[PDB]
Amino acid sequence: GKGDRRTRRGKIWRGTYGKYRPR
Amino acid sequence: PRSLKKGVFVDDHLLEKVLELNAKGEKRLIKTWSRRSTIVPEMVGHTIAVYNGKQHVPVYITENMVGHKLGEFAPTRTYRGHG
Amino acid sequence: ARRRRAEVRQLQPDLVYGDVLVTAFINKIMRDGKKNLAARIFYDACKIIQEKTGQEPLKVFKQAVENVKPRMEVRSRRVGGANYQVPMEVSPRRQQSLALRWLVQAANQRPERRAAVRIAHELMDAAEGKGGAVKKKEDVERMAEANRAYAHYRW
Amino acid sequence: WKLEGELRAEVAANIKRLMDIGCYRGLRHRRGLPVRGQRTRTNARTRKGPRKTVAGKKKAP
Amino acid sequence: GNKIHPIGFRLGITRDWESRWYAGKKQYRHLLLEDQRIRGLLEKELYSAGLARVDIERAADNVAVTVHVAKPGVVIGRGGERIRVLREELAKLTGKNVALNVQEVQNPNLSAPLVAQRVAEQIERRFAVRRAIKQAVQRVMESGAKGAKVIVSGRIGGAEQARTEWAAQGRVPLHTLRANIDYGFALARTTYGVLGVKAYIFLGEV
Amino acid sequence: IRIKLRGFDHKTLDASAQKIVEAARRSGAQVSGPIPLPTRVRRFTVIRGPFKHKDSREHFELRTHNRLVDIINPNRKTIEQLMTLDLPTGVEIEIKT
Amino acid sequence: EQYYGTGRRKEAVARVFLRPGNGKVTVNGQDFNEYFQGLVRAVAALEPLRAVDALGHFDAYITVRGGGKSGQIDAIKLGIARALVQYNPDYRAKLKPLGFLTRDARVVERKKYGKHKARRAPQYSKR
Amino acid sequence: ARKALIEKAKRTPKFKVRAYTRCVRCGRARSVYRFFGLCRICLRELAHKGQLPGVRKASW
RNA sequence: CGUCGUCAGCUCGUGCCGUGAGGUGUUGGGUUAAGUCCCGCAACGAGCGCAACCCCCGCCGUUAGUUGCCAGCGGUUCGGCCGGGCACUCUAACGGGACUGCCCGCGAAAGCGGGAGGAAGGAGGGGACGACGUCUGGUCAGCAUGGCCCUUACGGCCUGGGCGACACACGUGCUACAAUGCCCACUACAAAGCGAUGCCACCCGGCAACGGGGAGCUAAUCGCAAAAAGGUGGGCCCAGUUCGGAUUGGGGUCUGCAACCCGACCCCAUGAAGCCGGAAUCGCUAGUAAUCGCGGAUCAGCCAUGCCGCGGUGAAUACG
RNA sequence: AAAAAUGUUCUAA
Ligand SMILES: [Mg+2]
Ligand SMILES: [Mg+2]
Ligand SMILES: [Mg+2]
Ligand SMILES: [Mg+2]
Ligand SMILES: [Mg+2]
Ligand SMILES: [Mg+2]
Ligand SMILES: [Mg+2]
Ligand SMILES: [Mg+2]
Ligand SMILES: [Mg+2]
Ligand SMILES: [Mg+2]
Ligand SMILES: [Mg+2]
Ligand SMILES: [Mg+2]
Ligand SMILES: [Mg+2]
Ligand SMILES: [Mg+2]
Ligand SMILES: [Mg+2]
Ligand SMILES: [Mg+2]
Ligand SMILES: [Mg+2]
Ligand SMILES: [Mg+2]
Ligand SMILES: [Mg+2]
Ligand SMILES: [Mg+2]
Ligand SMILES: [Mg+2]
Ligand SMILES: [Mg+2]
Ligand SMILES: [Mg+2]
Ligand SMILES: [Mg+2]
Ligand SMILES: [Mg+2]
Ligand SMILES: [Mg+2]
Ligand SMILES: [Mg+2]
Ligand SMILES: [Mg+2]
Ligand SMILES: [Mg+2]
Ligand SMILES: [Mg+2]
Ligand SMILES: [Mg+2]
Ligand SMILES: [Mg+2]
Ligand SMILES: [Mg+2]
Ligand SMILES: [Mg+2]
Ligand SMILES: [Mg+2]
Ligand SMILES: [Mg+2]
Ligand SMILES: [Mg+2]
Ligand SMILES: [Mg+2]
Ligand SMILES: [Mg+2]
Ligand SMILES: [Mg+2]
Ligand SMILES: [Mg+2]
Ligand SMILES: [Mg+2]
Ligand SMILES: [Zn+2]
């Protein structure tokens, strides 16, 4: 879910990074 | 919050008021326009008059409100609801 | 259209069976452009029908489609100030398209979990004249038989 | 970690302290409004709940 | 209101830029503001001369203002002393090496910006507005142009109900891109208010 | 002996390119013909009206065309002559080893 | 010893090289079926030499950059057909009528202001 | 409250934060482009005038 | 500037008719996307419009070959990396190309139907372009400007506050309600743009935002960069759930003089409504819709899910 | 061969 910052999908939607979208 | 690499924030001028009052055997009414200042452990026991934009609201500071800014205790919006 | 007709879009025959009917069908399975997903669904269903009741699935698929083609359907007309149910036959184009539409549509009604099972099981039922897309086609043909009184309002 | 019942104690007592001291979030938790800078002209429906629909202003005839 | 500016519509087909030069991102604006500051100065100073088109070229520390004027003699002054009073005050604003050139304009009535100022000045001297338009369009056709249209908007003759007036002779294809159309606007300012004067001279397709 | 030219007008950029590679083609040796690097386009999309009329814009763009010219052998008979060349206004030249 | 066709479709460029061989295909050094794996529109990119019985007659060394995987596919379809006439022009009939020699210029229509895509429009609500 | 605001915008501020751009030509504080020192309106006027070197109406 | 409306229209000069308004022309037959052409005709011409010229996209050429490209021989730390080369792709300027020019058919003609060649055919697709006027439309708050009005104040500076309020109501949207789905891991294929107190390679710290080091790049060279749907492999098994991510507690990160009112982000926890939506209502005719991601302007930061662009995948249907 | 009533005052620029 794009609204779910806690997943790879939410971080892709906000274009930010973290443990849930590691670069 | 304020990045703790930098300190905790007092406008420096309001701080001067606090400790000038400490060394003198406080208290005194402290008017201020620094809602953006943190509450700092040297303030407990003082009553700081905070400007909500209209009036200078007084605020007696206790140990259990030190983590916060002074504008959290002088609200800026009068409301009362709808009727 | 107002000026001239719509020229029917010819599709590329699908690369497995070489069938334009398969292509139009896969396009009816497709959502949001995910064609390959819809290609896998139709093809993984094609396997299952070659399993359950071992038959050439393209022949089963064309029995489902054939048994869903509605030969008649009501349509609304006008004369004076009415909006009837006028029984009018279906053009062979609209015949095929309603089938493909109701095929996928009634297949997605079915309760099994994954799609190709839903697609395969409806095409198995519809090739034998059972299941959703049939009960819809038959039902449409039923309503037209009913309003055969307003058939004289056919253009 | 502290859990089920106990965790909810430290959540409740924190909100409690926010309302107790008169913190703006305590005023927010009192009147049951947002506390994190969201707008309330529209929405906030999670925090406020089912719409208590009221009459509106009338147009002239 | 729905008509594209005929020069902006043509820039690169019929019309060359008033200011032509290159400058990277870091000082395009600086060169643009200095030009705007220059053109205003001259469009204030050379207004009495019949200034029609200020060309501004730029290379490196020296700006080449080629000014186009109906009456060049009133610009140069006495053998180049007014031209020198400005070649300096330009440089006082330029800081650079201000190359000020004057250009003879063939037929002023073939210069839309000029005619627009004349009709603007005439209805500032309280002339017949309608007549001032037919007068203008006529001088242009006489002067050989393939078509002319002159428009006046505002409180024509001080009438409370503002109004547009115009006249046009020959062809004025605004949709045609190969059609050289000198556009020029001048703003008339009177006791009763402000008025707009649009001149469209069809010079002839290329 | 590299030279790169830039400008908004591409017509002048090209004539200011060929005027260079035709020059060093007088005192040889060879030159590497004017390669056109990709244009760097800067757009501007603004509301056509001064007020409120959001769904109507007007597109502009700033075209910064790019050309590179290389003269393979130095030969100071052009490393003197090129300085005596006539490049138009809206052309910016960069020359590198 | 080599036959070439250029295939363009939808920002996707293709340089296909028809060379005689057992039939194997390569794309960007990767093998074909390793590159379009599980992309059922695969075999459409080779359909040219299905109307000219040369399936196993040529190996192919293909290059594609830009566009997308299916966009490259129709570019490979176009170049393979393009190279076959470049092999022999008698092949043109049985290739041109079957739409192989033509390049579909269907490209994405540019977004236009006041709209959400090329033509999709903001929702109308009278009042 | 325009001229004092076209003036104060120039004057260097007490803090770099208060630095806001403002059109050079008309003094508009919104839709000001860094590239020109102009606003989106003035951008259109100077452009159409040809006084904007190298910019033409784009179409594609 | 919007609008009607890219709708096919609006008119003028002279002549003719009419006491006059005004009429004719501009109507009529056919035709076209078009007042587009044709034929007719007290009309004969003309102008604003329409089309065309212009920009992007599709085919070929020419000129070009680095930072772009590598077909073939040479090496090769096996990376177009070096020799070398510009063939190709490309980049970007100048050309060519389609004109109903050809055939068959119809027709008085204009055209229309179909066929050929051709990458493209009937205006090839998309843009730019908006007639006379209309709405006393919109904007004195972008600017300009007449008049009315204020002058230790309706001017000016500052600090704080407000523009973010919230019993409610509408518009436009984003995210969902799940299995054609969700999740982790590996693995592919874009275009267009931006980038010198700028973009940040790579390195260590950190679960992570980010921090500290630290190259390259005034950029077809270094970077933003990961494109994502997708593919492959595995997990979930129909549950208010491994759907959904609102709300809230706590813990931090950064920009900034300063995030209480009122920033974005990151981590732990929390895990709402929502099981596909009443009356009603919107968009879209093809690389369109639908879906997927990417960039830019503004910008310290950012409340952008907005706007303007970009490519990826890619349908349905039009009887009437 | 027709489902459905109405539009405050002055001004029409
Ligand atoms: Mg989704
Ligand atoms: Mg709020
Ligand atoms: Mg909008
Ligand atoms: Mg291209
Ligand atoms: Mg798209
Ligand atoms: Mg002002
Ligand atoms: Mg600012
Ligand atoms: Mg600004
Ligand atoms: Mg007459
Ligand atoms: Mg008479
Ligand atoms: Mg008459
Ligand atoms: Mg006639
Ligand atoms: Mg008439
Ligand atoms: Mg008419
Ligand atoms: Mg008429
Ligand atoms: Mg008549
Ligand atoms: Mg039309
Ligand atoms: Mg036109
Ligand atoms: Mg060449
Ligand atoms: Mg009004
Ligand atoms: Mg005023
Ligand atoms: Mg004003
Ligand atoms: Mg607001
Ligand atoms: Mg509602
Ligand atoms: Mg939104
Ligand atoms: Mg909504
Ligand atoms: Mg930026
Ligand atoms: Mg980025
Ligand atoms: Mg739950
Ligand atoms: Mg429930
Ligand atoms: Mg859950
Ligand atoms: Mg989840
Ligand atoms: Mg918190
Ligand atoms: Mg804040
Ligand atoms: Mg469920
Ligand atoms: Mg629905
Ligand atoms: Mg349409
Ligand atoms: Mg920003
Ligand atoms: Mg917010
Ligand atoms: Mg974005
Ligand atoms: Mg009736
Ligand atoms: Mg009544
Ligand atoms: Zn401005």
Side-chain angles (χ1 to χ4, degrees), chain A residues 1-4 7 12 16-19 23, chain B residues 3 9 33 35-36 51-54 68-69 71-72 76-77 79 81-82, chain C residues 1 6 27 29-35 37-38 41 80-81 91 94 113-115, chain D residues 11 14-15 24 35 37 39-41 46-47 51-54 56, chain E residues 1-2 4 13 161 171 175-178 189 192-194, chain F residues 10 14 32-39 43 45 48-53 56-57 68, chain G residues 11 13 15 37-38 66-70 72 102-103 105-111 113 118-124, chain H residues 4 15 17 26 28 31 39 41 57 59-60:
Chain A
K2 293 154 189 165
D4 190 356
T7 60
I12 284 169
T16 60
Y17 293 96
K19 184 229 304 269
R23 26 187 189 189
Chain B
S3 184
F9 201 74
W33 289 260
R35 307 174 55 100
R36 77 240 186 83
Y51 199 69
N52 56 21
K54 188 202 199 174
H68 310 149
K69 321 309 188 69
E72 305 191 27
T76 51
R77 307 194 168 98
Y79 173 46
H82 310 74
Chain C
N27 290 173
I29 316 184
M30 168 169 53
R31 310 197 282 194
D32 306 336
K34 299 157 89 73
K35 168 187 302 307
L37 167 61
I41 292 179
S91 102
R94 181 186 182 69
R113 306 284 229 244
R114 46 230 69 123
Chain D
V11 169
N14 280 165
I15 295 184
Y24 181 87
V35 308
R39 89 178 205 169
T40 45
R41 195 180 205 189
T46 33
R47 191 98 171 116
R51 321 161 178 278
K52 307 187 295 306
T53 308
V54 190
Chain E
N2 46 348
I4 188 89
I13 290 167
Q161 175 58 229
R171 33 182 277 160
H175 288 230
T176 293
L177 280 62
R178 60 175 172 259
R189 171 217 46 88
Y192 38 98
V194 113
Chain F
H10 73 81
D14 287 333
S32 211
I35 56 175
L37 302 186
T39 310
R43 250 170 210 78
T45 295
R48 202 176 277 256
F51 176 73
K52 92 182 265 217
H53 289 297
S56 160
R57 326 287 176 94
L68 185 72
Chain G
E11 291 271 25
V13 309
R15 296 147 76 262
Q37 163 191 40
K69 289 218 171 284
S70 189
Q72 297 168 0
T102 167
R103 184 215 159 156
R106 297 185 302 162
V107 313
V108 162
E109 190 183 0
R110 59 147 301 190
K111 182 195 182 306
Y113 60 81
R119 306 165 172 194
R120 158 80 207 186
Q123 187 161 66
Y124 183 68
Chain H
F15 318 88
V17 218
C26 79
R28 209 186 156 111
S31 291
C39 72
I41 301 182
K57 285 178 51 62
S59 96
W60 70 103

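Heavy atoms only: backbone and side chains are in, while hydrogens, waters and symmetry mates are out. Throughout, protein chains are lettered first and strands after them, A, B, ... in sequence-line order, and every chain is numbered starting at 1.
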For [X], answer base if it contacts any base atom (sugar-phosphate contacts may also be present), sugar-phosphate if it contacts only those atoms, and nothing otherwise; contact means non-hydrogen atoms under 4.0 Å.
X       : answer
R31(C)  : base
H175(E) : base
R110(G) : sugar-phosphate
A38(C)  : nothing
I35(F)  : base
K54(B)  : nothing
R51(D)  : sugar-phosphate
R47(D)  : sugar-phosphate
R113(C) : base
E109(G) : sugar-phosphate
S31(H)  : nothing
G56(D)  : nothing
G71(B)  : base
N14(D)  : sugar-phosphate

Confirm from the modelled atom types if [X] and [N] form a donor-acceptor pair under 3.5 Å, side chain to base only.
X      : N       : answer
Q37(G) : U187(I) : no
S59(H) : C55(I)  : yes
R39(D) : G164(I) : no
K19(A) : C207(I) : yes
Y17(A) : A208(I) : no

Closest to side chain of [X], choosing from [options]:
X       : options                   : answer
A118(G) : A289(I), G311(I), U180(I) : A289(I)
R41(D)  : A165(I), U175(I), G161(I) : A165(I)
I15(D)  : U248(I), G181(I), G312(I) : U248(I)
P38(F)  : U66(I), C319(I), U91(I)   : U91(I)
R120(G) : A209(I), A290(I), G162(I) : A290(I)
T102(G) : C257(I), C54(I), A119(I)  : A119(I)
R43(F)  : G193(I), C166(I), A318(I) : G193(I)
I41(C)  : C56(I), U180(I), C308(I)  : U180(I)
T176(E) : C237(I), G181(I), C53(I)  : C53(I)
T45(F)  : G142(I), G65(I), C308(I)  : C308(I)

For the nucleotides [N] and [M], establish whether a Watson-Crick or G-U wobble pair is present, both distances being less than 3.5 Å.
N       : M       : result
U32(I)  : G155(I) : no
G205(I) : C210(I) : yes
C307(I) : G142(I) : no
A225(I) : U67(I)  : no
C310(I) : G18(I)  : no
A191(I) : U159(I) : no
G147(I) : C302(I) : no
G193(I) : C224(I) : yes
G83(I)  : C73(I)  : yes
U14(I)  : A43(I)  : yes

Watson-Crick or G-U wobble partner for [N], using a 3.5 Å limit on both distances?
N       : answer
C112(I) : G105(I)
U26(I)  : none
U298(I) : none
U172(I) : none
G283(I) : none
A98(I)  : none
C182(I) : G235(I)
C217(I) : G198(I)

Verify stack between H82(B) ring and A167(I) base, 5.5 Å, 30 degrees: yes

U139(I) pyrimidine/purine six-ring stacking with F51(F), under 5.5 Å and 30°: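 It does not: the two rings, one from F51(F) and one from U139(I), miss the stacking criterion.
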
Sugar conformation, [N] - torsion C1'-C2'-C3'-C4' sign:
N       : result
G5(I)   : south
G107(I) : north
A220(I) : south
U253(I) : north
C166(I) : south

Chi-based syn or anti call at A208(I), which uses purine or pyrimidine torsion atoms and a 90° bound: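 Base orientation: anti.
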
Anti or syn - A93(I), cut at 90° from 0: anti

Closest-nucleotide ordering on RNA chain I, the 5'-leading residue of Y113(G) and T7(A): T7(A)

Of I13(E) and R119(G), the one whose closest RNA chain I nucleotide lies more 5':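 Closer to the 5' end of RNA chain I: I13(E).
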
Rounded distance in Å between the P positions of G195(I) and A64(I):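 That atom pair is separated by 34 Å.
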
Whether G231(I) stacks with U232(I) under 5.5 Å centre spacing and 30° plane angle: yes

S56(F) side chain to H53(F) backbone, donor-acceptor under 3.5 Å: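 Not at all, since once roles are kept as given, no pair shorter than 3.5 Å links the two residues.
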
Check: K69(G) main-chain N/O paired with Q72(G) side-chain donor or acceptor under 3.5 Å: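 A pair under 3.5 Å: no.
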
Residue-phosphate contact under 4.0 Å: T46(D) side-chain N/O, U247(I) OP1/OP2: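 So the side chain of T46(D) is outside the cut-off, no N or O lying under 4.0 Å from OP1 or OP2 of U247(I).
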
Phosphate-side-chain proximity, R77(B) and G161(I), N/O vs OP1/OP2 below 4.0 Å: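 Checking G161(I) against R77(B), no side-chain N or O comes under 4.0 Å of OP1 or OP2.
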
